[PDB]
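Only one chain is included here, represented as structure tokens and corresponding to the form deposited in one PDB entry.
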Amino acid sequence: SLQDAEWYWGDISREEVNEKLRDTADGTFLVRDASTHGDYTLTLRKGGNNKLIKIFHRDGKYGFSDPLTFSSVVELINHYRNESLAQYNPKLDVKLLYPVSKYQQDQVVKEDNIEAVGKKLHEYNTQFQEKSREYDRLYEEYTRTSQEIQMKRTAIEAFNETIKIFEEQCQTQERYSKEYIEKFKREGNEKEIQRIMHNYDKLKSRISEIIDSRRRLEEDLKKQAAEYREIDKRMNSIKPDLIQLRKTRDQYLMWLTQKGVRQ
């Protein structure tokens, strides 16, 4: 027929086609009006790309090349739905096999009266904003958590390097100590051996304290590392639901404008 076939989508934009053809198998096709009348543009999927094949028009005949043979766009689409495009241009060796039908546009409509559609559109629009606020909120905790984890990790890097310094201090003190505690052992200077020992205890204590500060920070890191993974999960669960929720909202809106008076 005329403007009744399913692959004719009238005045859809290239973006509407790219989404209708995104991640589609080679051969998926559809036709729309000229972006720049009544000129037409067949859109075909080939090698993960969206190829635009203009449908020229001269004195009641349609075709891709100069010898416009076909007398109707329906006759052109149906022919190449069974014949390969390579006969026209060898570079495109595929056929119109997967038609994008208006079935998807009329899908999800559900209701038939403007009020029901509008009342239902208002329900979906409410749930969408409520899941967007929920998502945007969850995203900030996601970003905040990710940053504070990077900080804690760098801090633990600092704790290690610091502990290495204080441990170097110990082995340093052990080397000089013997050469002098043995000299006091014979020089009867017992109280000077106690002063050296006391400073060593002061140093071992700090090391034992600094290690516990790293232990508590490492414990906090485990707590935050998991809290990040739970946030990531909740986000990878809200993203797929939020998407189609937005699409369903847009469709109800598309249904409302078409059924309503247009300019």
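Quick note: we count residues from 1 along the sequence shown, nothing fancier. Heads up, when I say rigid core I mean the largest set of C-alphas that superpose within 1.5 Å between the two forms.
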Using a one-third cut-off over the other compared PDB entries, is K46 one of the residues left without coordinates?
no
Answer yes if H37 is missing coordinates in at least a third of the other compared entries, and no if every one of them models it.
yes
Taking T36 and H37 as adjacent modelled residues, how many residues of the deposited sequence between them have no coordinates (none, 1 to 3, 4 to 9, 10 or more)?
1 to 3
Could you settle it for me: does 247-255 or 9-17 have the higher average Cα B factor in the PDB entry?
9-17
Which has higher Cα B-factors on average according to the PDB entry: 59-67 or 209-217?
59-67
Based on the PDB entry, the highest CA temperature factor among the options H79, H122, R144, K152 is that of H79
Among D106, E174, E148, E168, which residue carries the highest C-alpha B-factor recorded in the PDB entry?
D106
Thinking about Cα B factors across the chain, which third does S132 belong to?
lowest
Considering every modelled residue of the chain and its Cα B-factor in the PDB entry, is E230 in the lowest, middle or highest third?
middle
So where's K178 on the chain's Cα temperature factor ranking, which third?
middle
Which third, lowest, middle or highest, does the C-alpha temperature factor of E140 belong to within its own chain?
lowest
Compare the C-alpha B factor of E115 with those of the other modelled residues in its chain, then answer lowest, middle or highest third.
middle
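Although not depicted, the form deposited in another entry is the subject of the following passage.
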Comparing between this form and the one not shown on the core: of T162, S71, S101, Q150, the CA moving 2 angstroms or more sits at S101
